[PDB]
């Protein structure tokens, strides 16, 4: 059955790595389900992010399915980190009332997995990270129109980022995450590797 957590931690569940974090404001429940699945609920949350994926990110055909709901500022994104350089990155497929990162630091565009994304770079100064209190860039691909479920071919994003001088370091984790900020909502997301699909043919 499910395992529902409310405090920040990482682990492996159903065969998949997961990461979950919250600041402890408001309410959030992160429920680990069979295989690549998790569900979540949040109510008037301060901030949280979490999902299932890979302990070591990289070039991958990520595949995910499920549902994502919010009345406020929440988003659904492949979410991960590198070190040397320290980078926090996002490939955002859907959001609520606020399209991240509010247009800040626009760099260009990329086409991947059937859709156009806008590319941004933002900066975090003296901020908590996977390597402690640091100054680091955040890289974003944000879909021009919302999508919930599909493939995210990470290499296409990384390569576009690189074309704009947004270079990555050594991969740390990479998860298909739900995020909330001063908002309420729910999600139900199942992650998989997309490489076992039939060959595309039209």
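Numbering follows the first chain given and starts at 1.
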| query | finding |
| --- | --- |
| Residue stretch of maximal mean CA temperature factor, 125-133 vs 85-93 | 125-133 |
| Given 40, 65, 34, 70, the residue at which the Cα B factor reaches its maximum | 34 |
| Residue 80, C-alpha B-factor rank within chain (lowest, middle or highest third) | lowest |
| Modelled-residue ranking by C-alpha temperature factor, third containing residue 9 | highest |
| Entry-reported Cα temperature factor of residue 163, expressed as the chain third it lands in | middle |
| Residue 187, C-alpha B-factor rank within chain (lowest, middle or highest third) | lowest |
| Lowest, middle or highest third - CA B-factor, residue 157 | lowest |
